[PDB]
Structures are given as structure tokens and as C-alpha cells.
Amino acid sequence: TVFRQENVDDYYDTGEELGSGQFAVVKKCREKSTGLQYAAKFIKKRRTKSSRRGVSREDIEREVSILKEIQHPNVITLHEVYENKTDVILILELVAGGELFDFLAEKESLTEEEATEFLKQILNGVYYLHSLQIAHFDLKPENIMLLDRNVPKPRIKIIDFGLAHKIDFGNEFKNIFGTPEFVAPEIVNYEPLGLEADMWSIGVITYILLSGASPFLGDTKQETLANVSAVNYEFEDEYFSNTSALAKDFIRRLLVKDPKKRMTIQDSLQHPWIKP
């Protein structure tokens, strides 16, 4: 597909930089015609076929296609897309309260209620995505945004659809590898991937929410990956002594090497720690 090729600056003004990654930069912006605000994600295009710099057009279009499908309170939506010779520019719903990553850094240790208030929202967004056969493949705290960080129980949206894929056969077997501390063993081992990989990441996020510590993190990325593949984690008493056994059970049933034995998103919502 092709996108709008008028100069995005004729239609929008940009402001604060909201975040970035290796091939993307995200700027707050305001649409001239409405005064409404958005997050403009500029993704750097590849300059040749054989290049490793920038993002392939196939990969950009996959992100756009998935984003166009989705509408749920706990996911961002896509407003418009522009392009020019250097970038594709996705005009995304603005999430103005910063990353979960930054919230957790700034705040004291969470209560079990605060952790489940965040988790339940994540679960609801993932339930929506998985119902659509969309695997996110990059769930982690920098990819979850708060609407407003100055309320007791902040509301969240999942962002960053740059690794998301439609799973129409039950698994996919493309080049997909995210961040060592969050990826499932099947990613580490270069196996076909499906919705189950997201459920593993949710286990890792839950462990972080409750404890402030990352379950598999080693001193190097190779150590982290080796730990993931071996399922080398434990609940440290120093961090988990006043956390319930049911919360640990929830995590334990997600951090399972065999994807067939791991809780599904439906299972997670019916688990006794979560189910009303």
C-alpha cells in the first residue's frame, strides 16, 4: 500500500519528543484542523534491499495493517499515516502519562492490588488482540503507556506494534526476536511462535510488578537468554515474602517452557488470583 504523501507539516505541528527506538522517533503533535493531539511515530525507511539500516517496507506495512484493525480501550489506535522518501509517519493515539517502565522506576514498590490493577488491563488488551489472532511479540514496560500517571490506579494502553503478527496458522516462523529479559524460550531457541509467547512475557511483567526485580536478568544478554531457555528463576523471599501464594501460582503457570502447557489468555482471566 502507499500512504499520504503531502508534507505532514502542512497538517500537523510537532512538539515534545515522547520516546524513541533504534529506527523510530515519536513526537507529540497537534492536528491543525481540529486542535487534537497525537503521537507521531516516524519510522526510518530502508534505503536499499540489502540494507540492515531502517525498517523494511514489509515490516512497516505489517505494523500499519495491525494498527488499522484494532480498537479497544487498552490498545492505541491509528489516526492517519503519511510518508516521504525517508520515513513513514504513523499518527497514533497519544498516551500522555509516560511509560509503565518510568512509572515503576519513580514509584515505591507496588501493592498486590496496584499490580493487579495494571495486570488486569494488560490482560484485557491482550485478550482483545489474541481474539483477533494478533500476537504482540514485544510486551514489556516500555511498551505500555499510562493515560495519566497522577491518579491512584492509572489506566493503560499497549503500544509498539513493531513486532506484532497475525497468527493465521497457529504459529509463525519469521525473524522475530525482542528483548532478552522478556522473550519466551521459543524465541530464544528460534522456534515457530504463536500467541503463547505473549503469555510468557506477561508472566515476566507480573513478576516485575510485584517485586521490582526481573526474573531472568543476568549480567549480559547471553546470560539472560540462557536463563530464559533453562527457566532459571525463583521467587526470592526478600522480595516476595508478603506476596500471596496465589500470585506466585499465577506467575508459575505462565513461566512454563512448553508453550502447550502454559496458561492461555483465557486461562489467565479465569485464574483465581484474577477472577472475581
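Here the rigid core means the biggest group of C-alpha atoms that line up within 1.5 Å when the two forms are laid on top of each other. So that there is no doubt, residue numbering starts at 1 and follows the sequence shown.
- With every structure aligned by its rigid core, 173-181 is the stretch of 173-181 and 186-194 whose CA positions lie farther away in 8 other deposited structures of this protein.
- Larger root-mean-square CA separation from the shown form, computed after a rigid core fit of the structures in 8 other deposited structures of this protein, is seen for 113-121 when 88-96 is set against 113-121.
- Figure legend: residue 138 is marked as modelled in all of the other comparable entries of the protein, none of which omit it, let alone a third.
- Residue-level annotation: residue 160 has coordinates in all of the other entries compared, counting only those that model residues on either side of it, so it never reaches the one-third mark.
- Between the stretches 184-192 and 165-173, it is 165-173 that shows the larger average CA temperature factor.
- Between 198-206 and 85-93, the higher mean Cα B-factor belongs to 85-93.
- The entry assigns its greatest Cα B factor, within the set 100, 110, 159, 126, to 110.
- As recorded in the PDB entry, 219 shows the highest C-alpha B-factor of the residues 31, 249, 63, 219.
- For residue 105, the recorded CA temperature factor ranks within the highest third of the chain's modelled residues.
- Among all modelled residues in its chain, residue 122 ranks in the lowest third by Cα B-factor.
- Ranked against the other modelled residues of its chain, the C-alpha B-factor of residue 261 as given in the entry falls in the middle third.
- Per the deposited record, the Cα B-factor of residue 59 falls in the middle third when ranked against the other modelled residues of its chain.
- The entry lists a Cα temperature factor for residue 38 that places it in the lowest third of the chain's modelled residues.
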